Amino acid sequence: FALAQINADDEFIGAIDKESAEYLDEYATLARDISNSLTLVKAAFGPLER
Amino acid sequence: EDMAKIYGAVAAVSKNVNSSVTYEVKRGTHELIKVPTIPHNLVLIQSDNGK
């Protein structure tokens with residue numbers, strides 16, 4: 001009922017550009033961490049019995 | 001650097017293998033004492049006249 005117009009000024013667009021770099025960095029780090037952890041599991045541990 | 005960490009963790013697991021056990025077998029063994037004299041429990045009773 002009280003919907004308001006979204007104002008996309010320069011500051012908000014500039015803020016998102018900073019977040020885009022931060023998001024890209026985070027994804028790269030997680031992929032490296034996932035790859036390292038997947039290699040550790042294969043070399044170290046094995047199957048489990050009863 | 002992260003490869004040295006992964007390789008170090010694997011070597012830690014492989015080094016957790018047990019070799020053997022060592023213990024002493026002493027149950028059932030008791031020390032021995034030495035008795036120096038033989039108990040005879042004998043006394044000679046003789047009358048005054050020797051009869």
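Here are the numbers for this structure:
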read-out	value
For peptides A:1-8, A:16-23, B:6-13, A:42-49, sequence by mean Cβ density within 10 Å, most packed first	B:6-13, A:16-23, A:42-49, A:1-8
Bins of 10 Å from zero: percent of alpha-carbon pairs in the stretch A:1-40	24, 26, 23, 17, 9, 2
C-alpha center-to-center spacing [chain B, chain A] in angstrom	65
Using θ = phi - 60° and Karplus 6.51 cos²θ - 1.76 cosθ + 1.60, couplings along the stretch A:39-50 (whole Hz; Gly, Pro as x)	6, 5, 5, 5, 6, 8, 9, x, x, 10, 10, 8
Within straight-line cross-link reach of B:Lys5, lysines at Cα separation under 26 Å, skipping those fewer than 8 residues along the same chain	A:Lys42, B:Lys15
Chain B - mean residue ellipticity at 222 nm from DSSP helices (-39,500 (n - 2.57) per run, n ≥ 4, rounded to 500)	-8000 deg cm²/dmol
Pairwise FRET efficiency - B:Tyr23 versus A:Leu40, Cβ, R0 = 41 Å, nearest 0.05	0.65
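None of the figures in this text is laboratory data; all of them are computed from the coordinates on show. When we count neighbours, we look across all protein chains shown, and the Cβ atoms used for this are built from the backbone with ideal geometry, even at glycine.
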